[PDB]
Number of protein chains: 2
Amino acid sequence: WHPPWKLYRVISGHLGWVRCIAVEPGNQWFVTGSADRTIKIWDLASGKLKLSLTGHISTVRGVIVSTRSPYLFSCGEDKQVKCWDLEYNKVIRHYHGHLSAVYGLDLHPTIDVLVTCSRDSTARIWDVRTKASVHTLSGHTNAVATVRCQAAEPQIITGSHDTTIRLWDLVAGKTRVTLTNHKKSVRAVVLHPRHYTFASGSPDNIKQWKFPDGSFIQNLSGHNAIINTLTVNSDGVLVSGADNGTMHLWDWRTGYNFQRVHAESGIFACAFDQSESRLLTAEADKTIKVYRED
Amino acid sequence: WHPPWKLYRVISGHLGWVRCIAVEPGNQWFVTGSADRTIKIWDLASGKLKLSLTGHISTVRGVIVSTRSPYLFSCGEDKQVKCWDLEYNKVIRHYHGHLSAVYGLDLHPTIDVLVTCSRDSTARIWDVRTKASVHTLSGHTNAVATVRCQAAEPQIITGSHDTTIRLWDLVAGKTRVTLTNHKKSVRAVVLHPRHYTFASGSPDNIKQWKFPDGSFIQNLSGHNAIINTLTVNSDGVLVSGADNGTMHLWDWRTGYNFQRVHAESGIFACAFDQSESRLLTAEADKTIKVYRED
Ligand SMILES: [Cl-]
Ligand SMILES: [Cl-]
Ligand SMILES: [Cl-]
Ligand SMILES: [Cl-]
Ligand SMILES: [Cl-]
Ligand SMILES: [Cl-]
Ligand SMILES: [Cl-]
Ligand SMILES: [Cl-]
Ligand SMILES: [Cl-]
Ligand SMILES: [Cl-]
Ligand code: NA
Ligand code: NA
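Rules behind the numbers
- Residues numbered from 1 in each chain as written, not as in the entry; some residues may be left out.
- Chains lettered and ligands numbered in written order.
- Heavy atoms only, no water.
- Residues with missing side-chain atoms left out of burial classes, pairs and counts.
- UniProt positions renumbered as here; feature names shortened; annotations may be inferred.
- Helix = DSSP H or I, 4+ residues; strand = E, 2+ residues; numbered from the N terminus.
- Buried < 20%, exposed > 50% of the residue type's maximum accessible area, 1.4 Å probe, protein only.
- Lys, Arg positive; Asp, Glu negative; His and termini not counted.
- Salt bridge = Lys/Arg side-chain N within 4 Å of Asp/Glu carboxyl O.
- Donors = N, O, S within 2.8 Å, 3.2 Å for Na, K, Ca; no water.
- Least-squares fit on C-alpha atoms.
- Contact = heavy atoms within 4.5 Å.
- Core = buried A, V, L, I, M, F, W, Y, C linked by side-chain atoms within 4.5 Å.
- Pairing = 2+ DSSP bridges.
- Axes fitted to C-alpha atoms, helices over the stretch in contact; angles between N-to-C directions.
- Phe/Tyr/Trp six-rings, centres within 6.5 Å; stacked < 30°, edge-to-face > 60°.
- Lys NZ or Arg CZ within 6 Å of the ring centre and 35° of its normal.

Going by the header, the method for this PDB entry is X-ray crystallography, and the resolution given is 1.70 Å.

Looking at the PDB entry, chain A carries the name Pleiotropic regulator 1, with the source organism given as Homo sapiens. Here the PDB entry title reads "Crytsal structure of human Pleiotropic Regulator 1 (PRL1)". The record in UniProt for chain A states the following under Sequence similarities: "Belongs to the WD repeat PRL1/PRL2 family."

Structure, rendered in structure tokens:
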């Protein structure tokens, strides 16, 4: 059993769609990126604005906080990929290589690399401190909407507008497996924290798969909308956020949809805090909504 | 997904614990039995008292409405088993045979028999119109708390204080299979409407099994209290009612507990109406509580 989630706090300040959200490893603050071209750092406990980081010239599509270093990484529709030093509160590195808009990113848990995914149909692997390109993961035939890393092989998983999922060999920089089941564009991928399974979302279905080869488990059906985000906690609460503002909460193992949250409406990104007691959403109505168990 | 259930109406009138509840085939009214020794007929739409049937000298433990005839059957701790003619609103038949308190009953869907279960460790099969004993189902070593019928073999299923479930051959009047898994007294049995599976409840676990031989499927864990009742609808909503007043709602197939309803507290019996839109509970606080989807 998972207790229901209820709206606790609504955080405003952005002047356009909030496209991305991430929580720092120490759980003290969270970061958001927006269509207004800004990155904002908010205090988690209070919901107050700490800092506003400027530099992007188009929508900020991805934000992530480093565990290894006091860094924050961001990416945008302006093709820019930046490393922000959180001790100096300024950009220290630019990762050049994407041919068009950068849609998302992830950090590798064991290798000091940043992985970005783009409208250019690639995912790119960058050495954090030297900015050097490690590999350009080419194989998708359309925009790569989502990318996730893990320590175990396959180390990189991508979801694409080509309606496929690719499982990559990080060392060789090659596709190990291509999963074609989704009938429509894949915009979200989530890895279960126990490392045995993962899920992907498209309007036709949310699909659950087994590592390492991507054996299909089951469909999580009922969220008949454009799925923008998928996030899961250690307790097994899977959250699917849709472009029409709807949010479905599921039990990971059973695939059962336990809660349906009602809603320019839309949910672009979801994240749990480090304690997993708070669910933070980034929405089209220019706000961040905070949910807690009740 | 199953929408949550919320309290819609509270029906009072009984002067003691409400031990049993049943809905008529035409869905116009429902019947309850109580520790105050009365049987009450209430209008379903309004919740108003229609008739009060008197005759039992101890707690009424079971009530059921016939589909074949305009009859209502009742049983009690006074060892009495009665057939009430609903056209005349009076007792027309007494079924004699139980050696002690009668705990429950059920009607067979194809054979014109009434089945009762008792403190005497038996379940008894009675021909409705002649009152003749068809079979005395002996095999349990303690009180038989619950009994259910079905057209397919095994036609009769009993749950006992001996911690076992017995699957019976109605024709021979013999046990086909004895299920011993429960560590504690079994007080509730429910048959899934599709006829492939069934469930049983004890404080240690709610267990789900396959027909015809009772192959164990899974445990529905988390309702750590004395389970008095189990009821399921065609949509897959399983309701478990406890002696401490707690009610857990589950998805039948997955076994996932989706809702936990808070509470002399106690739930003795649960029943869905014919439309399955209403959940009616019979409680220790002397009331009938009506729940609807919200
Ligand atoms: Cl640079
Ligand atoms: Cl990992
Ligand atoms: Cl596999
Ligand atoms: Cl499936
Ligand atoms: Cl809901
Ligand atoms: Cl008689
Ligand atoms: Cl049947
Ligand atoms: Cl079986
Ligand atoms: Cl189990
Ligand atoms: Cl609940
Ligand atoms: Na993104
Ligand atoms: Na009963």
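Visitor: I'm lost on the side chain of A:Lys207 in this one. Help?
Guide: Examined against the element boundaries, A:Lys207 turns out to sit in strand β20 (residues 206–210). Buried charge without a partner: A:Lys207 forms no salt bridge, and the closest opposite charge is A:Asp204, 5.0 Å away.

Visitor: How do you make sense of the coordination of the sodium ion (ligand 12) when you look at a structure like this?
Guide: Geometrically, a metal with four donors at the corners of a regular tetrahedron has ideal angles of 109.5 degrees, and one with six donors at the corners of a regular octahedron has ideal angles of 90 or 180 degrees. Residues and elements named next belong to chain B. Binding of the sodium ion (ligand 12) to the protein goes through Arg-61 (O) and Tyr-103 (O), at separations of 2.7 to 2.8 Å. Residue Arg-61 is located in strand β6 (residues 60–65), and its partner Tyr-103 is located in strand β10 (residues 102–107); the two are separated by 42 residues in the primary sequence. Since its relative accessible area comes to 17%, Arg-61 is described here as buried.

Visitor: Looking at this structure, how should I read the relation of the copies chain A and chain B?
Guide: In this structure, two copies of a chain are linked by a rotation about an axis accompanied by a shift along it. Mapping chain A onto chain B calls for a rotation angle of 180° and an axial translation of 0.0 Å; the resulting RMSD is 0.0 Å. Within this description, the copies of the chain are treated as partners about a two-fold rotation axis. Comparing contact sets, 100% of the residues at the interface of chain A also lie at the interface in chain B, consistent with an isologous, same-surface contact.

Visitor: Just checking my understanding: could you explain the nonpolar core for this structure?
Guide: A general feature of soluble globular proteins is that nonpolar side chains tend to end up buried together. Core analysis: the biggest nonpolar cluster contains 26 residues, and A:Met247, A:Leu249, A:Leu279, B:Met247, B:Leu249 and B:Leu279 have the highest contact counts within it. Listing elements by their share of this core, those giving two or more residues are β23 (237–242), β24 (247–251), β25 (257–261) and β26 (267–272) of chain A together with β23 (237–242), β24 (247–251), β25 (257–261) and β26 (267–272) of chain B. Not counting chain neighbours up to four residues away, the residues in contact with B:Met247 comprise B:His223, B:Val239, B:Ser240, B:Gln259, B:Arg260, B:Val261, B:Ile267, B:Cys270, B:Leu279, B:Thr281 and B:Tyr291.

Visitor: Whenever I open this one, the sheet that holds strand β27 (residues 278–283) of chain B confuses me. Can you help?
Guide: Where strands meet in a sheet, backbone hydrogen bonds hold them as pairs that are either parallel or antiparallel. Residue and element names in this part refer to chain B. In spatial order, the strands read β1-β28-β27-β26; together these 4 strands make up an open sheet with antiparallel pairing. Of all the strands in the sheet, the pair left with one neighbour each is β1 (5–11) and β26. Neighbouring strand axes in the sheet, compared pairwise and without regard to direction, differ in orientation by 25° on average. With 6 bridges connecting them, β1 and strand β28 (residues 288–293) associate as antiparallel partners. For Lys-6, the partnering residue across the bridge sits in β28 and is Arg-292.

Visitor: Before we go on, may I ask you to explain the packing of aromatic side chains in this structure?
Guide: Ring pairs (aromatic) are described by centroid distance and by the angle formed between their planes. A complete count under the given rule lists 21 aromatic pairs over all chains for this structure. Where B:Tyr71 meets B:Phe73, the ring centres are 6.2 Å apart and the plane angle is 90°; that geometry is what we call edge-to-face. The exposure class of B:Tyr71 is buried, given its relative accessible area of 6%. Here the aromatic cluster, defined as three or more aromatic residues joined through ring pairs, consists of A:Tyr71, A:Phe73, A:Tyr95 and A:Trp126. Note that B:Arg61 overlies the ring of B:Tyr103, its terminal NZ or CZ placed 4.0 Å from the centroid.

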